[PDB]
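Peer 1: One file is attached below, data-v7.cif, containing mmCIF, N, CA and C atoms.
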data_target
#
loop_
_atom_site.group_PDB
_atom_site.id
_atom_site.type_symbol
_atom_site.label_atom_id
_atom_site.label_comp_id
_atom_site.auth_asym_id
_atom_site.auth_seq_id
_atom_site.Cartn_x
_atom_site.Cartn_y
_atom_site.Cartn_z
ATOM 1 N N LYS B 1 16.219 -23.128 64.883
ATOM 2 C CA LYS B 1 16.610 -22.873 63.508
ATOM 3 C C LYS B 1 17.298 -24.122 62.984
ATOM 4 N N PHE B 2 17.056 -24.447 61.717
ATOM 5 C CA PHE B 2 17.420 -25.762 61.214
ATOM 6 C C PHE B 2 17.800 -25.701 59.742
ATOM 7 N N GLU B 3 18.343 -26.814 59.263
ATOM 8 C CA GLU B 3 18.537 -27.069 57.848
ATOM 9 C C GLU B 3 17.815 -28.363 57.511
ATOM 10 N N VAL B 4 17.493 -28.548 56.238
ATOM 11 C CA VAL B 4 16.609 -29.637 55.855
ATOM 12 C C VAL B 4 17.294 -30.534 54.842
ATOM 13 N N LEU B 5 16.766 -31.749 54.725
ATOM 14 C CA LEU B 5 17.073 -32.673 53.639
ATOM 15 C C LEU B 5 15.755 -32.979 52.945
ATOM 16 N N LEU B 6 15.591 -32.491 51.719
ATOM 17 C CA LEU B 6 14.280 -32.405 51.095
ATOM 18 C C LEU B 6 13.906 -33.633 50.286
ATOM 19 N N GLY B 7 14.695 -34.698 50.348
ATOM 20 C CA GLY B 7 14.331 -35.897 49.625
ATOM 21 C C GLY B 7 15.492 -36.646 49.010
ATOM 22 N N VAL B 8 15.358 -37.963 48.939
ATOM 23 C CA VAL B 8 16.326 -38.838 48.298
ATOM 24 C C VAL B 8 15.663 -39.425 47.065
ATOM 25 N N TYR B 9 16.369 -39.414 45.941
ATOM 26 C CA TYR B 9 15.826 -39.980 44.719
ATOM 27 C C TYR B 9 16.856 -40.879 44.062
ATOM 28 N N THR B 10 16.400 -42.026 43.570
ATOM 29 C CA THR B 10 17.281 -43.054 43.042
ATOM 30 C C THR B 10 16.724 -43.582 41.733
ATOM 31 N N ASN B 11 17.611 -43.816 40.776
ATOM 32 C CA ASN B 11 17.201 -44.393 39.508
ATOM 33 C C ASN B 11 16.807 -45.849 39.687
ATOM 34 N N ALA B 12 15.832 -46.289 38.901
ATOM 35 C CA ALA B 12 15.483 -47.698 38.798
ATOM 36 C C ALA B 12 15.635 -48.121 37.348
ATOM 37 N N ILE B 13 16.338 -49.225 37.120
ATOM 38 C CA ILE B 13 16.648 -49.685 35.774
ATOM 39 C C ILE B 13 15.753 -50.862 35.442
ATOM 40 N N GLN B 14 15.227 -50.870 34.222
ATOM 41 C CA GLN B 14 14.402 -51.964 33.730
ATOM 42 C C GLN B 14 15.241 -52.799 32.777
ATOM 43 N N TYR B 15 15.429 -54.067 33.119
ATOM 44 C CA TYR B 15 16.323 -54.921 32.358
ATOM 45 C C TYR B 15 15.690 -55.312 31.033
ATOM 46 N N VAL B 16 16.538 -55.542 30.037
ATOM 47 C CA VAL B 16 16.100 -55.894 28.693
ATOM 48 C C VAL B 16 16.439 -57.351 28.439
ATOM 49 N N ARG B 17 15.440 -58.125 28.038
ATOM 50 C CA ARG B 17 15.676 -59.485 27.590
ATOM 51 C C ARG B 17 15.919 -59.485 26.085
ATOM 52 N N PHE B 18 16.703 -60.460 25.628
ATOM 53 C CA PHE B 18 17.088 -60.495 24.221
ATOM 54 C C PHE B 18 15.897 -60.789 23.322
ATOM 55 N N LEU B 19 15.035 -61.722 23.730
ATOM 56 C CA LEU B 19 13.905 -62.099 22.893
ATOM 57 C C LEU B 19 12.810 -61.045 22.884
ATOM 58 N N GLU B 20 12.782 -60.156 23.875
ATOM 59 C CA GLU B 20 11.814 -59.070 23.839
ATOM 60 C C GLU B 20 12.140 -58.068 22.742
ATOM 61 N N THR B 21 13.412 -57.918 22.396
ATOM 62 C CA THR B 21 13.768 -57.032 21.301
ATOM 63 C C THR B 21 13.342 -57.637 19.974
ATOM 64 N N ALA B 22 13.195 -56.776 18.970
ATOM 65 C CA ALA B 22 12.867 -57.256 17.638
ATOM 66 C C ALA B 22 14.058 -57.893 16.939
ATOM 67 N N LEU B 23 15.279 -57.705 17.454
ATOM 68 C CA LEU B 23 16.451 -58.232 16.763
ATOM 69 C C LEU B 23 16.408 -59.743 16.635
ATOM 70 N N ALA B 24 15.702 -60.428 17.531
ATOM 71 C CA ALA B 24 15.591 -61.874 17.429
ATOM 72 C C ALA B 24 14.939 -62.322 16.133
ATOM 73 N N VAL B 25 14.386 -61.399 15.347
ATOM 74 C CA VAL B 25 13.871 -61.768 14.035
ATOM 75 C C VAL B 25 14.992 -62.308 13.159
ATOM 76 N N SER B 26 16.206 -61.787 13.332
ATOM 77 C CA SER B 26 17.289 -62.129 12.418
ATOM 78 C C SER B 26 17.968 -63.448 12.776
ATOM 79 N N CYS B 27 18.031 -63.804 14.054
ATOM 80 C CA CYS B 27 18.742 -65.005 14.462
ATOM 81 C C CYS B 27 17.824 -65.915 15.262
ATOM 82 N N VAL B 28 18.099 -67.213 15.191
ATOM 83 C CA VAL B 28 17.272 -68.237 15.814
ATOM 84 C C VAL B 28 18.088 -68.933 16.895
ATOM 85 N N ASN B 29 17.598 -68.884 18.131
ATOM 86 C CA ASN B 29 18.306 -69.487 19.249
ATOM 87 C C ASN B 29 18.000 -70.972 19.337
ATOM 88 N N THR B 30 18.992 -71.742 19.774
ATOM 89 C CA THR B 30 18.838 -73.181 19.924
ATOM 90 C C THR B 30 19.600 -73.656 21.150
ATOM 91 N N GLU B 31 19.326 -74.896 21.541
ATOM 92 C CA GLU B 31 19.993 -75.496 22.684
ATOM 93 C C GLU B 31 21.465 -75.724 22.372
ATOM 94 N N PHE B 32 22.281 -75.793 23.425
ATOM 95 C CA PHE B 32 23.721 -76.012 23.284
ATOM 96 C C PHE B 32 23.979 -77.500 23.048
ATOM 97 N N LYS B 33 23.788 -77.914 21.794
ATOM 98 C CA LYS B 33 23.917 -79.305 21.370
ATOM 99 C C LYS B 33 25.180 -79.523 20.543
ATOM 100 N N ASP B 34 26.211 -78.712 20.782
ATOM 101 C CA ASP B 34 27.421 -78.785 19.973
ATOM 102 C C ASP B 34 28.166 -80.100 20.143
ATOM 103 N N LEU B 35 27.837 -80.887 21.167
ATOM 104 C CA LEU B 35 28.603 -82.102 21.426
ATOM 105 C C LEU B 35 28.401 -83.134 20.327
ATOM 106 N N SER B 36 27.188 -83.227 19.783
ATOM 107 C CA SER B 36 26.943 -84.216 18.742
ATOM 108 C C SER B 36 27.745 -83.896 17.489
ATOM 109 N N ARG B 37 27.840 -82.621 17.135
ATOM 110 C CA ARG B 37 28.696 -82.220 16.031
ATOM 111 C C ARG B 37 30.149 -82.443 16.413
ATOM 112 N N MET B 38 30.949 -82.865 15.447
ATOM 113 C CA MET B 38 32.308 -83.300 15.712
ATOM 114 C C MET B 38 33.289 -82.283 15.161
ATOM 115 N N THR B 39 34.341 -82.012 15.928
ATOM 116 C CA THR B 39 35.401 -81.083 15.557
ATOM 117 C C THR B 39 34.905 -79.651 15.406
ATOM 118 N N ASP B 40 33.682 -79.379 15.875
ATOM 119 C CA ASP B 40 33.097 -78.037 15.957
ATOM 120 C C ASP B 40 32.742 -77.490 14.578
ATOM 121 N N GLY B 41 33.248 -78.122 13.523
ATOM 122 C CA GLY B 41 32.897 -77.702 12.181
ATOM 123 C C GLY B 41 31.483 -78.129 11.846
ATOM 124 N N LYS B 42 30.828 -77.373 10.958
ATOM 125 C CA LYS B 42 29.428 -77.636 10.616
ATOM 126 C C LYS B 42 29.317 -78.915 9.791
ATOM 127 N N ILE B 43 28.160 -79.567 9.865
ATOM 128 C CA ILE B 43 27.985 -80.809 9.171
ATOM 129 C C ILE B 43 27.965 -80.572 7.669
ATOM 130 N N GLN B 44 28.169 -81.648 6.915
ATOM 131 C CA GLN B 44 28.324 -81.525 5.472
ATOM 132 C C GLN B 44 27.212 -80.712 4.841
ATOM 133 N N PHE B 45 25.989 -80.970 5.235
ATOM 134 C CA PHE B 45 24.849 -80.278 4.642
ATOM 135 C C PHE B 45 24.832 -80.400 3.128
ATOM 136 N N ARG B 46 24.571 -81.619 2.668
ATOM 137 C CA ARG B 46 24.479 -81.866 1.239
ATOM 138 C C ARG B 46 23.362 -81.043 0.630
ATOM 139 N N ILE B 47 23.725 -80.216 -0.344
ATOM 140 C CA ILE B 47 22.800 -79.365 -1.078
ATOM 141 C C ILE B 47 22.734 -79.875 -2.510
ATOM 142 N N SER B 48 21.532 -79.911 -3.077
ATOM 143 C CA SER B 48 21.333 -80.305 -4.464
ATOM 144 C C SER B 48 20.486 -79.242 -5.146
ATOM 145 N N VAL B 49 20.930 -78.752 -6.301
ATOM 146 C CA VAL B 49 20.188 -77.651 -6.923
ATOM 147 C C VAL B 49 19.567 -78.129 -8.228
ATOM 148 N N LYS M 1 -28.297 29.415 34.714
ATOM 149 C CA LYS M 1 -27.221 28.887 33.890
ATOM 150 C C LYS M 1 -26.438 27.896 34.734
ATOM 151 N N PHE M 2 -25.905 26.856 34.104
ATOM 152 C CA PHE M 2 -25.243 25.832 34.896
ATOM 153 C C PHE M 2 -24.325 24.994 34.025
ATOM 154 N N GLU M 3 -23.389 24.326 34.691
ATOM 155 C CA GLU M 3 -22.531 23.310 34.103
ATOM 156 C C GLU M 3 -22.596 22.091 35.005
ATOM 157 N N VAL M 4 -22.786 20.915 34.419
ATOM 158 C CA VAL M 4 -23.000 19.704 35.200
ATOM 159 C C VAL M 4 -22.144 18.591 34.628
ATOM 160 N N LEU M 5 -21.387 17.928 35.494
ATOM 161 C CA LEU M 5 -20.542 16.831 35.053
ATOM 162 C C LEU M 5 -21.404 15.667 34.584
ATOM 163 N N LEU M 6 -21.002 15.057 33.470
ATOM 164 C CA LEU M 6 -21.843 14.039 32.853
ATOM 165 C C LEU M 6 -21.715 12.701 33.559
ATOM 166 N N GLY M 7 -20.526 12.362 34.034
ATOM 167 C CA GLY M 7 -20.366 11.125 34.769
ATOM 168 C C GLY M 7 -19.004 11.036 35.411
ATOM 169 N N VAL M 8 -18.934 10.219 36.456
ATOM 170 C CA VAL M 8 -17.692 9.915 37.151
ATOM 171 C C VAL M 8 -17.467 8.415 37.053
ATOM 172 N N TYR M 9 -16.270 8.021 36.632
ATOM 173 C CA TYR M 9 -15.956 6.619 36.403
ATOM 174 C C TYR M 9 -14.642 6.264 37.073
ATOM 175 N N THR M 10 -14.597 5.084 37.685
ATOM 176 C CA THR M 10 -13.405 4.577 38.350
ATOM 177 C C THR M 10 -13.036 3.220 37.774
ATOM 178 N N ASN M 11 -11.743 2.926 37.732
ATOM 179 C CA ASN M 11 -11.307 1.608 37.298
ATOM 180 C C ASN M 11 -11.462 0.600 38.422
ATOM 181 N N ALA M 12 -12.045 -0.554 38.114
ATOM 182 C CA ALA M 12 -12.119 -1.645 39.074
ATOM 183 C C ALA M 12 -10.860 -2.490 38.947
ATOM 184 N N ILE M 13 -10.175 -2.707 40.072
ATOM 185 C CA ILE M 13 -8.861 -3.335 40.030
ATOM 186 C C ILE M 13 -8.989 -4.788 39.595
ATOM 187 N N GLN M 14 -7.944 -5.291 38.944
ATOM 188 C CA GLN M 14 -7.915 -6.657 38.445
ATOM 189 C C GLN M 14 -6.811 -7.429 39.152
ATOM 190 N N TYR M 15 -7.155 -8.597 39.684
ATOM 191 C CA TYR M 15 -6.229 -9.413 40.451
ATOM 192 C C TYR M 15 -5.809 -10.634 39.645
ATOM 193 N N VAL M 16 -4.533 -10.998 39.758
ATOM 194 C CA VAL M 16 -3.977 -12.192 39.131
ATOM 195 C C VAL M 16 -3.314 -13.028 40.213
ATOM 196 N N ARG M 17 -3.545 -14.337 40.181
ATOM 197 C CA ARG M 17 -2.972 -15.241 41.165
ATOM 198 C C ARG M 17 -2.208 -16.361 40.476
ATOM 199 N N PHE M 18 -1.172 -16.844 41.164
ATOM 200 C CA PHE M 18 -0.132 -17.637 40.515
ATOM 201 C C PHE M 18 -0.674 -18.949 39.974
ATOM 202 N N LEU M 19 -1.523 -19.618 40.744
ATOM 203 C CA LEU M 19 -1.845 -21.004 40.443
ATOM 204 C C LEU M 19 -2.708 -21.138 39.200
ATOM 205 N N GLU M 20 -3.458 -20.099 38.846
ATOM 206 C CA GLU M 20 -4.377 -20.225 37.726
ATOM 207 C C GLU M 20 -3.718 -19.952 36.379
ATOM 208 N N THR M 21 -2.608 -19.226 36.351
ATOM 209 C CA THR M 21 -1.930 -19.001 35.088
ATOM 210 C C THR M 21 -1.286 -20.293 34.599
ATOM 211 N N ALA M 22 -0.995 -20.340 33.298
ATOM 212 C CA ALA M 22 -0.385 -21.536 32.729
ATOM 213 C C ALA M 22 1.027 -21.761 33.238
ATOM 214 N N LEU M 23 1.681 -20.713 33.739
ATOM 215 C CA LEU M 23 3.063 -20.841 34.182
ATOM 216 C C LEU M 23 3.203 -21.901 35.256
ATOM 217 N N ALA M 24 2.183 -22.047 36.100
ATOM 218 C CA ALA M 24 2.214 -23.037 37.172
ATOM 219 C C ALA M 24 2.501 -24.441 36.663
ATOM 220 N N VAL M 25 2.323 -24.684 35.362
ATOM 221 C CA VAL M 25 2.615 -26.008 34.819
ATOM 222 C C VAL M 25 4.071 -26.381 35.054
ATOM 223 N N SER M 26 4.963 -25.394 35.080
ATOM 224 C CA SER M 26 6.377 -25.693 35.261
ATOM 225 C C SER M 26 6.712 -26.067 36.699
ATOM 226 N N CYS M 27 5.961 -25.564 37.669
ATOM 227 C CA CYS M 27 6.359 -25.640 39.067
ATOM 228 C C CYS M 27 5.462 -26.585 39.860
ATOM 229 N N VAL M 28 5.976 -27.009 41.011
ATOM 230 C CA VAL M 28 5.244 -27.817 41.980
ATOM 231 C C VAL M 28 5.328 -27.086 43.311
ATOM 232 N N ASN M 29 4.214 -26.515 43.748
ATOM 233 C CA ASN M 29 4.222 -25.502 44.792
ATOM 234 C C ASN M 29 3.935 -26.128 46.149
ATOM 235 N N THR M 30 4.907 -26.039 47.048
ATOM 236 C CA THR M 30 4.765 -26.516 48.412
ATOM 237 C C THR M 30 4.746 -25.316 49.344
ATOM 238 N N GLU M 31 3.645 -25.153 50.058
ATOM 239 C CA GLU M 31 3.488 -24.055 51.000
ATOM 240 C C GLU M 31 4.227 -24.433 52.269
ATOM 241 N N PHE M 32 5.356 -23.790 52.502
ATOM 242 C CA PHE M 32 6.224 -24.091 53.635
ATOM 243 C C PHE M 32 6.184 -22.858 54.524
ATOM 244 N N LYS M 33 5.420 -22.933 55.613
ATOM 245 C CA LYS M 33 5.027 -21.720 56.322
ATOM 246 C C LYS M 33 6.225 -21.018 56.944
ATOM 247 N N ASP M 34 6.965 -21.722 57.789
ATOM 248 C CA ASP M 34 8.060 -21.122 58.543
ATOM 249 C C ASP M 34 9.377 -21.231 57.789
ATOM 250 N N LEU M 35 9.392 -20.754 56.547
ATOM 251 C CA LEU M 35 10.580 -20.928 55.721
ATOM 252 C C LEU M 35 11.755 -20.134 56.258
ATOM 253 N N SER M 36 11.488 -18.989 56.885
ATOM 254 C CA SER M 36 12.567 -18.133 57.357
ATOM 255 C C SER M 36 13.428 -18.816 58.407
ATOM 256 N N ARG M 37 12.938 -19.886 59.019
ATOM 257 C CA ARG M 37 13.734 -20.645 59.970
ATOM 258 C C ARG M 37 14.667 -21.638 59.300
ATOM 259 N N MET M 38 14.678 -21.706 57.974
ATOM 260 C CA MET M 38 15.444 -22.711 57.252
ATOM 261 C C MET M 38 16.781 -22.130 56.830
ATOM 262 N N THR M 39 17.855 -22.876 57.079
ATOM 263 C CA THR M 39 19.190 -22.431 56.702
ATOM 264 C C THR M 39 19.522 -22.820 55.265
ATOM 265 N N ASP M 40 19.507 -24.118 54.969
ATOM 266 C CA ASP M 40 19.805 -24.611 53.635
ATOM 267 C C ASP M 40 18.969 -25.844 53.343
ATOM 268 N N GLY M 41 18.713 -26.068 52.057
ATOM 269 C CA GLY M 41 18.001 -27.234 51.594
ATOM 270 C C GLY M 41 18.948 -28.183 50.882
ATOM 271 N N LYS M 42 18.419 -29.348 50.533
ATOM 272 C CA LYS M 42 19.270 -30.375 49.962
ATOM 273 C C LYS M 42 18.403 -31.406 49.265
ATOM 274 N N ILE M 43 18.876 -31.886 48.121
ATOM 275 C CA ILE M 43 18.307 -33.060 47.466
ATOM 276 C C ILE M 43 19.466 -33.917 46.998
ATOM 277 N N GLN M 44 19.462 -35.189 47.372
ATOM 278 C CA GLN M 44 20.563 -36.086 47.055
ATOM 279 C C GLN M 44 20.054 -37.179 46.129
ATOM 280 N N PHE M 45 20.655 -37.282 44.947
ATOM 281 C CA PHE M 45 20.346 -38.336 43.996
ATOM 282 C C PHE M 45 21.440 -39.388 44.017
ATOM 283 N N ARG M 46 21.037 -40.644 43.852
ATOM 284 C CA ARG M 46 21.944 -41.749 43.576
ATOM 285 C C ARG M 46 21.543 -42.354 42.243
ATOM 286 N N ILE M 47 22.499 -42.481 41.331
ATOM 287 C CA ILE M 47 22.242 -43.034 40.010
ATOM 288 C C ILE M 47 23.281 -44.105 39.726
ATOM 289 N N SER M 48 22.831 -45.340 39.519
ATOM 290 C CA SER M 48 23.717 -46.485 39.346
ATOM 291 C C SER M 48 23.746 -46.884 37.882
ATOM 292 N N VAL M 49 24.940 -46.976 37.315
ATOM 293 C CA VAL M 49 25.132 -47.096 35.872
ATOM 294 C C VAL M 49 25.516 -48.533 35.550
#
Rewrite the structure from the file as structure tokens, please.
Peer 2:
Amino acid sequence: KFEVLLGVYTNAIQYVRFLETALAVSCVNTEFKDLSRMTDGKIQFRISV
Amino acid sequence: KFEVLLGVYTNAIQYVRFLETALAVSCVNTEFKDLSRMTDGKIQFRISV
């Protein structure tokens, strides 16, 4: 006469990449080139209308 | 002079079995022959968050 263990079950998670989501439509990724910019502030960006 | 029975009729029995009904859609049936020898069952899940 016995008792049983009828099975082990474990979740598997599927990782999400940022670019696979549609949210990347709103923002544009770029290389970490902040060193060329000085004082971390954005460049003048002269605009003429 | 006479009286004569017109006919004798019997019902033919109708059998229903579990696997053919739609209810079986809910279950997964494992034929476990010597079940009476079983004390307790167990299923252990691990879920990592």
Peer 1: Please determine, counting only N, CA and C atoms, which residue among M:49, M:28, M:39, M:19 has the shortest atom-to-atom distance to chain B.
Peer 2: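 Of M:49, M:28, M:39, M:19, the one nearest chain B, counting only N, CA and C atoms, is M:39.
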Peer 1: Could you give me, as an mmCIF file with N, CA and C atoms, in the coordinates of the input, the residues within 8 Å of residue 37 in chain M, counting only C-alpha atoms and dropping anything in the same chain fewer than 3 positions from it?
Peer 2:
data_model
loop_
_atom_site.group_PDB
_atom_site.id
_atom_site.type_symbol
_atom_site.label_atom_id
_atom_site.label_comp_id
_atom_site.auth_asym_id
_atom_site.auth_seq_id
_atom_site.Cartn_x
_atom_site.Cartn_y
_atom_site.Cartn_z
ATOM 1 N N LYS B 1 16.219 -23.128 64.883
ATOM 2 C CA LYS B 1 16.610 -22.873 63.508
ATOM 3 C C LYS B 1 17.298 -24.122 62.984
ATOM 4 N N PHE B 2 17.056 -24.447 61.717
ATOM 5 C CA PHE B 2 17.420 -25.762 61.214
ATOM 6 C C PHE B 2 17.800 -25.701 59.742
ATOM 7 N N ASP M 34 6.965 -21.722 57.789
ATOM 8 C CA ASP M 34 8.060 -21.122 58.543
ATOM 9 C C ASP M 34 9.377 -21.231 57.789
#
Peer 1: Counting only C-alpha atoms, which residues of chain B come no farther than 9 Å from chain M, as an MDAnalysis selection string?
Peer 2: chainID B and resid 1:13
Peer 1: Give chain B as a compact mmCIF listing (two decimals) with N, CA and C atoms, in the coordinates of the input once it has been least-squares superposed onto chain M over every C-alpha atom, paired in order.
Peer 2:
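Saved as out-v2.txt:
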# COMPACT_ATOMS: atom_id res chain seq x y z
N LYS B 1 -29.86 29.80 33.54
CA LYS B 1 -28.80 29.33 32.66
C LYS B 1 -27.77 28.63 33.53
N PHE B 2 -27.21 27.54 33.01
CA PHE B 2 -26.44 26.64 33.86
C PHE B 2 -25.31 25.98 33.08
N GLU B 3 -24.44 25.31 33.83
CA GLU B 3 -23.45 24.40 33.28
C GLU B 3 -23.66 23.04 33.93
N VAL B 4 -23.18 21.99 33.28
CA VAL B 4 -23.53 20.65 33.70
C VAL B 4 -22.27 19.86 34.01
N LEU B 5 -22.46 18.78 34.77
CA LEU B 5 -21.47 17.73 34.96
C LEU B 5 -22.11 16.44 34.48
N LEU B 6 -21.61 15.90 33.37
CA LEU B 6 -22.34 14.89 32.62
C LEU B 6 -22.01 13.47 33.04
N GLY B 7 -21.26 13.28 34.11
CA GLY B 7 -20.98 11.93 34.56
C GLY B 7 -19.58 11.72 35.10
N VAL B 8 -19.46 10.82 36.06
CA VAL B 8 -18.19 10.41 36.64
C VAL B 8 -17.95 8.97 36.24
N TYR B 9 -16.74 8.66 35.78
CA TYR B 9 -16.41 7.30 35.40
C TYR B 9 -15.08 6.90 36.00
N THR B 10 -15.01 5.68 36.51
CA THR B 10 -13.85 5.21 37.25
C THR B 10 -13.49 3.81 36.79
N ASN B 11 -12.20 3.55 36.66
CA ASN B 11 -11.73 2.22 36.30
C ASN B 11 -11.95 1.25 37.45
N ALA B 12 -12.23 0.00 37.11
CA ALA B 12 -12.26 -1.09 38.07
C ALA B 12 -11.26 -2.14 37.63
N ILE B 13 -10.40 -2.57 38.55
CA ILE B 13 -9.33 -3.50 38.24
C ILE B 13 -9.70 -4.87 38.75
N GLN B 14 -9.44 -5.89 37.94
CA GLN B 14 -9.68 -7.28 38.31
C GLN B 14 -8.34 -7.91 38.65
N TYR B 15 -8.20 -8.37 39.89
CA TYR B 15 -6.92 -8.87 40.36
C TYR B 15 -6.63 -10.24 39.76
N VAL B 16 -5.35 -10.54 39.60
CA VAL B 16 -4.90 -11.79 39.01
C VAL B 16 -4.27 -12.64 40.11
N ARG B 17 -4.75 -13.87 40.24
CA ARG B 17 -4.11 -14.83 41.12
C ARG B 17 -3.06 -15.61 40.33
N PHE B 18 -2.03 -16.06 41.04
CA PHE B 18 -0.92 -16.73 40.38
C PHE B 18 -1.34 -18.08 39.81
N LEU B 19 -2.14 -18.84 40.55
CA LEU B 19 -2.53 -20.17 40.09
C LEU B 19 -3.56 -20.12 38.98
N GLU B 20 -4.27 -19.00 38.83
CA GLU B 20 -5.19 -18.88 37.70
C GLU B 20 -4.45 -18.77 36.38
N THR B 21 -3.24 -18.22 36.39
CA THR B 21 -2.45 -18.16 35.17
C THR B 21 -1.96 -19.55 34.79
N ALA B 22 -1.64 -19.72 33.52
CA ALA B 22 -1.08 -20.99 33.06
C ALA B 22 0.37 -21.17 33.48
N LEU B 23 1.04 -20.10 33.93
CA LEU B 23 2.46 -20.22 34.25
C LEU B 23 2.71 -21.23 35.36
N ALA B 24 1.73 -21.47 36.22
CA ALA B 24 1.90 -22.45 37.28
C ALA B 24 2.16 -23.85 36.74
N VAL B 25 2.03 -24.06 35.43
CA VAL B 25 2.40 -25.34 34.85
C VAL B 25 3.89 -25.61 35.07
N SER B 26 4.70 -24.56 35.06
CA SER B 26 6.15 -24.75 35.10
C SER B 26 6.68 -24.97 36.51
N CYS B 27 6.06 -24.37 37.52
CA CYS B 27 6.58 -24.47 38.88
C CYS B 27 5.51 -25.02 39.81
N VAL B 28 5.95 -25.69 40.86
CA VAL B 28 5.07 -26.36 41.81
C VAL B 28 5.22 -25.70 43.17
N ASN B 29 4.12 -25.18 43.70
CA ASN B 29 4.15 -24.49 44.98
C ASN B 29 4.06 -25.49 46.13
N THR B 30 4.72 -25.17 47.23
CA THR B 30 4.72 -26.02 48.41
C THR B 30 4.71 -25.17 49.66
N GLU B 31 4.44 -25.82 50.79
CA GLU B 31 4.42 -25.14 52.07
C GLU B 31 5.83 -24.69 52.45
N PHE B 32 5.90 -23.67 53.30
CA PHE B 32 7.18 -23.13 53.76
C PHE B 32 7.74 -24.03 54.87
N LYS B 33 8.35 -25.14 54.44
CA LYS B 33 8.89 -26.16 55.33
C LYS B 33 10.41 -26.13 55.36
N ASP B 34 11.00 -24.96 55.12
CA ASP B 34 12.45 -24.85 55.03
C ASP B 34 13.15 -25.15 56.35
N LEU B 35 12.41 -25.17 57.46
CA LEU B 35 13.06 -25.35 58.76
C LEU B 35 13.66 -26.73 58.90
N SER B 36 13.00 -27.75 58.36
CA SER B 36 13.52 -29.11 58.50
C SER B 36 14.84 -29.25 57.75
N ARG B 37 14.94 -28.65 56.57
CA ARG B 37 16.20 -28.63 55.85
C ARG B 37 17.20 -27.77 56.61
N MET B 38 18.45 -28.19 56.60
CA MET B 38 19.47 -27.58 57.44
C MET B 38 20.44 -26.79 56.58
N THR B 39 20.82 -25.61 57.06
CA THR B 39 21.76 -24.72 56.39
C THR B 39 21.24 -24.21 55.05
N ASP B 40 19.94 -24.41 54.79
CA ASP B 40 19.23 -23.86 53.63
C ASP B 40 19.65 -24.55 52.33
N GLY B 41 20.74 -25.30 52.37
CA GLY B 41 21.16 -26.05 51.20
C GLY B 41 20.26 -27.25 50.98
N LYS B 42 20.12 -27.67 49.72
CA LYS B 42 19.21 -28.77 49.38
C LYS B 42 19.77 -30.10 49.90
N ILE B 43 18.88 -31.05 50.16
CA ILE B 43 19.30 -32.30 50.71
C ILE B 43 20.10 -33.08 49.67
N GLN B 44 20.85 -34.08 50.15
CA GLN B 44 21.77 -34.79 49.28
C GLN B 44 21.11 -35.27 48.00
N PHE B 45 19.93 -35.83 48.12
CA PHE B 45 19.24 -36.37 46.95
C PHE B 45 20.10 -37.37 46.19
N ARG B 46 20.32 -38.51 46.83
CA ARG B 46 21.08 -39.57 46.20
C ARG B 46 20.40 -40.03 44.92
N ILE B 47 21.13 -39.94 43.82
CA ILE B 47 20.68 -40.35 42.50
C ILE B 47 21.51 -41.56 42.08
N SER B 48 20.85 -42.56 41.49
CA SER B 48 21.53 -43.73 40.97
C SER B 48 21.08 -43.95 39.53
N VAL B 49 22.02 -44.13 38.61
CA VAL B 49 21.62 -44.23 37.21
C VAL B 49 21.92 -45.63 36.70
Peer 1: Residues of chain B in helix (DSSP H, G or I) according to DSSP, as JSON, numbers by chain?
Peer 2: {"B": [22, 23, 24, 25]}
Peer 1: Run DSSP on the backbone and grab whatever in chain M lands in strand (DSSP E or B); send it over as a VMD selection string.
Peer 2: chain M and resid 38 44 to 46
Peer 1: Interatomic distance between CA of residue 31 in chain M and CA of residue 18 in chain M?
Peer 2: 12.8 Å
Peer 1: Report the distance between atom C of residue 32 in chain M and atom C of residue 20 in chain M in Å, rounded to one decimal place.
Peer 2: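 A separation of 20.9 Å between them.
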Peer 1: Just to confirm, what's the straight-line distance from atom N of residue 30 in chain M to atom C of residue 15 in chain M in Å (one decimal)?
Peer 2: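 According to the coordinates, atom N of residue 30 in chain M and atom C of residue 15 in chain M are separated by 20.2 Å.
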Peer 1: Show me, as JSON, the centre and edge lengths in Å to one decimal of the axis-aligned box that covers every listed atom of range 8-23 of chain M with 4 Å on each side.
Peer 2:
{"center_x": -7.9, "center_y": -5.8, "center_z": 36.9, "size_x": 30.1, "size_y": 40.1, "size_z": 16.4}
